[PDB]
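Here is the structure we will look at, set down as structure tokens.
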Amino acid sequence: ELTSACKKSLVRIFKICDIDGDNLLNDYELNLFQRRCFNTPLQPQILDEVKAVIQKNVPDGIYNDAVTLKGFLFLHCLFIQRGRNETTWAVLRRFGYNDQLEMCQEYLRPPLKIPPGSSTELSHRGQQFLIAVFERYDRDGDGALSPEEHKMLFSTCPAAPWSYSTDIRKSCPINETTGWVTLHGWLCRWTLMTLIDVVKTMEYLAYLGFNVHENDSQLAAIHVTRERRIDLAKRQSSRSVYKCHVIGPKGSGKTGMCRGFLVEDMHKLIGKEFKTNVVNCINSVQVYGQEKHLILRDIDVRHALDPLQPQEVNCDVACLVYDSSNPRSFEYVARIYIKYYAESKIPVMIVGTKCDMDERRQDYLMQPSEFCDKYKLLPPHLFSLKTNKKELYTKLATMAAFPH
Ligand SMILES: N[C@@H](CCO)C(=O)O
Ligand SMILES: [Ca+2]
Ligand code: NA
């Protein structure tokens with residue numbers, strides 16, 4: 001008696017309303033979402049009348065004095081055959097469904113005007129919701145999400161916003177022993193998406209049930225920040241998420257640098273080729289007492305005469321990487337800086353990798369130390385994976401967070 005499309009909707013709503021992740025709708029959430037859909041408290045007499053009917057007609061419908069999914073589906077299947085579809089339709093409407101039982105576009109994509117220069121970040125409520133969601137689908141409570149848990153989480157979505165195996169497990173911090181996405185990495189992946197694709201973030205937040213939980217549009221999950229002068233306003237809006245473009249020639253070792261941002265032990269990335277092309281890596285660092293998220297975009301390696309796109313040049317901080325063991329490697333960095341960054345307002349940091357081996361001379365006309373000295377740049381940062389030092393990442397974020 002229940003439509004296959006209607007059942008799909010009622011299932012998602014059950015998962016959203018299951019705030020304990022125990023496959024049950026206890027008294028609390030039943031009353032809470034009652035005001036979400038009907039703006040009235042659920043009077044105790046009705047709830048008893050509801051449970052009694054479910055218990056009477058449906059086995060395994062009431063477990064531990066709580067409504068199960070099998071009983072929840074029956075109740076609305078009973079509502080439609082008793083001439084009260086408006087009760088069911090009031091619930092479907094609140095969780096973002098229209099007359100065609102499809103997610104409303106105005107419910108998924110609310111209008112958000114982003115001024116030039118402004119960035120998109122997660123708000124306090126947006127973070128809290130994502131934290132709440134995380135700990136619900138962390139059934140075993142190991143403080144991390146398994147690929148089985150990560151699938152259930154986005155079962156209320158058409159698909160996952162990212163691959164578990166080829167994205168979040170390689171672009172975000174994970175648990176060292178289990179190899180699963182921690183709470184920290186969870187917030188990192190959402191922070192990355194929110195900055196580069198806010199519309200997708202809000203679209204997925206609606207699917208996860210942010211609108212119903214927060215009793216507001218997903219605009220409350222997005223916090224728009226921008227770099228402003230010495231404004232004496234009481235409402236601070238300083239940035240906390242910066243993006244760094246990592247540009248270098250082939251074999252520069254800049255890829256291994258990006259991945260090292262995510263692991264405490266970099267002694268396992270020394271002699272390793274990367275089979276997966278991770279575009280954006282992200283982690284947080286402490287900058288003067290404040291938490292700052294840094295995104296290390298691995299710009300696609302090309303020839304030295306090949307042009308760089310404006311959207312590849314324009315960033316918060318440019319990290320030009322060359323190989324110290326390759327005499328013909330620094331010439332790319334010198335070529336790139338002069339053409340694209342020499343006359344820009346973007347802070348640039350030159351990094352020499354693989355300094356563990358003997359730093360051979362560069363077959364260029366100027367040496368890296370002299371080149372930086374000529375264009376008033378900081379001395380070339382010697383980076384190595386055998387050292388496990390992470391001052392570079394903290395430095396990069398600081399250059400993006402501060403003048404010039
Ligand atoms: N659908 C529930 C309220 C919202 O979860 C009920 O009417 O029993
Ligand atoms: Ca888990
Ligand atoms: Na629950």
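Don't worry about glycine lacking a Cβ; one is built from the backbone with ideal geometry, like all the others, and counts go over all protein chains shown. Each answer follows from the model by the rule given with it, or from the source it names; no laboratory read-out is quoted.
Points to keep in mind about this one:
Conditions (1) surrounded by 13 or more Cβ atoms within 10 Å (Cβ to Cβ); (2) in the same structural domain as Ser165 (by CATH); (3) out of contact with any helix residue (DSSP H, G or I) (no Cβ under 7 Å at 6 or more places or on another chain), marked per residue:
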position: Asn57; (1), (2), (3): no, no, no
position: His76; (1), (2), (3): yes, no, no
position: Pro111; (1), (2), (3): no, yes, yes
position: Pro115; (1), (2), (3): no, yes, yes
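- Residue check, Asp167 free of Cβ contacts under 8 Å to residues at least 24 places away in the same chain and either within 16 Å of ligand 3 (Cβ to nearest atom) or of a type in the set (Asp, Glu) (or both): no
- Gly185 vs. criteria outside any loop (DSSP other than H, G, I, E, B) and within 20 Å of the chain's Cα centre (by Cα): yes
- Note on the stretch 1-112: no enclosed helices (runs of 4 or more DSSP H) hold 3 or more residues that are more than 11 Å from ligand 1 (Cβ to nearest atom), more than 30 Å from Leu219 (Cα to Cα) and among the hydroxyl-bearing types (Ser, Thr, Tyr).
- Members of the stretch 142-188 found to be more than 16 Å from ligand 2 (Cβ to nearest atom) and of a type in the set (D, E, K, R), listed by number: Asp167, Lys170
- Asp216 vs. criteria surrounded by fewer than 18 Cβ atoms within 10 Å (Cβ to Cβ) and closer than 19 Å to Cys104 by Cα: yes
- Residues (within 36 Å of the chain's Cα centre (by Cα), at negative phi and not in a strand (DSSP E or B)) located in the stretch 343-367: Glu343, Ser344, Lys345, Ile346, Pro347, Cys355, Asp356
- Yes/no for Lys15 being under 22 Å from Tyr204 (Cα atoms) and either within 16 Å of ligand 3 (Cβ to nearest atom) or touching a helix residue (DSSP H, G or I) at 6+ places or on another chain (Cβ under 8 Å) (or both): yes
- Applying a threshold of 7 Å to beta carbon distances and a minimum spacing of six or more residues, or different chains, the list of pairs starting in the stretch 55-82 at a residue that is on the phi > 0 side of the Ramachandran plot and ending at one that is assigned to a helix (DSSP H, G or I) reads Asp60/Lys70.
- Condition broken by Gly126, with the remaining ones in (1) of a type in the set (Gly, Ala, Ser); (2) touching a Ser or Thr at 6+ places or on another chain (Cβ under 6 Å); (3) closer than 29 Å to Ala159 by Cβ satisfied: (2)
- Among the residues of the stretch 306-342, those identified as part of a loop (DSSP other than H, G, I, E, B) and either under 26 Å from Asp363 (Cβ atoms) or of a type in the set (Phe, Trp, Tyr) (or both) are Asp306, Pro307, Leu308, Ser324, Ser325, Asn326, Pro327, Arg328, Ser329, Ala342.
- Some residue of the stretch 39-50 being touching a residue at least 40 places away in the same chain (Cβ under 8 Å) and either in contact with a helix residue (DSSP H, G or I) (Cβ under 9 Å, 6 or more places away or on another chain) or more than 19 Å from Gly96 (Cα to Cα) (or both): no
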